[PDB]
Amino acid sequence: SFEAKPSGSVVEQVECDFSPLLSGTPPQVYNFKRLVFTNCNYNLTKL
Amino acid sequence: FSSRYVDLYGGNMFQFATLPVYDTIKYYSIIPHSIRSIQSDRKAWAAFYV
């Protein structure tokens, strides 16, 4: 095909707190509570 | 979804807000609303359709 090589890439690019999950009594597996985080920065290394 | 936020005249529905309710809701109930006004003050109100 002789497709052109990729060039000139253009890239287009809060801080949700995980403290409530680690603070206080954890809910039991039967009484599990989900937590939803949207549009938030996350640190996977920290957890 | 609110039509007024993006296309009020069109009536097209576009999401404007999200509520983080983890539990599913299987029951909905209309709430009656009254207006406290004198007989002359009373005015007709639009009828909502669901």
# chains A, B, ... in the order shown; residues from 1 in each chain; ligands from 1
$ residues_around --residues "residue B:35" --least-positions-apart "5" --cutoff "12 Å" --atoms "only C-alpha atoms" --output "list in words"
residues 41, 42, 43, 44 and 45 of chain B
$ closest_atom_pairs --of "chain B" --to "chain A" --cutoff "12 Å" --atoms "only C-alpha atoms" --output "tab-separated table"
residue	atom	partner	partner_atom	distance
B:18	CA	A:38	CA	9.9
B:19	CA	A:36	CA	10.1
B:20	CA	A:36	CA	6.7
B:21	CA	A:36	CA	8.9
B:22	CA	A:34	CA	6.5
B:23	CA	A:33	CA	9.0
$ residues_around --residues "residue B:17" --least-positions-apart "4" --cutoff "12 Å" --atoms "only C-alpha atoms" --output "PyMOL selection string"
chain B and resi 1-2+5+13
$ write_last_selection --atoms "N, CA and C atoms" --output "PDB file, in the first residue's frame"
ATOM      1  N   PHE B   1     -31.260  13.937  32.433  1.00  0.00           N
ATOM      2  CA  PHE B   1     -31.155  14.612  31.113  1.00  0.00           C
ATOM      3  C   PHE B   1     -32.077  15.834  31.115  1.00  0.00           C
ATOM      4  N   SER B   2     -31.563  17.006  30.730  1.00  0.00           N
ATOM      5  CA  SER B   2     -32.442  18.202  30.630  1.00  0.00           C
ATOM      6  C   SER B   2     -32.397  18.792  29.219  1.00  0.00           C
ATOM      7  N   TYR B   5     -31.051  22.668  29.058  1.00  0.00           N
ATOM      8  CA  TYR B   5     -29.596  22.973  29.088  1.00  0.00           C
ATOM      9  C   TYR B   5     -29.027  23.069  27.666  1.00  0.00           C
ATOM     10  N   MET B  13     -33.110  15.411  24.556  1.00  0.00           N
ATOM     11  CA  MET B  13     -32.627  15.237  25.954  1.00  0.00           C
ATOM     12  C   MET B  13     -31.111  15.013  25.965  1.00  0.00           C
TER      13      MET B  13
END
$ select_by_dssp --residues "chain B" --states "alpha helix (DSSP H)" --output "list in words"
residues 3, 4, 5, 6 and 7 of chain B
$ atom_distance --atom1 "atom CA of residue B:46" --atom2 "atom CA of residue B:30"
15.2 Å
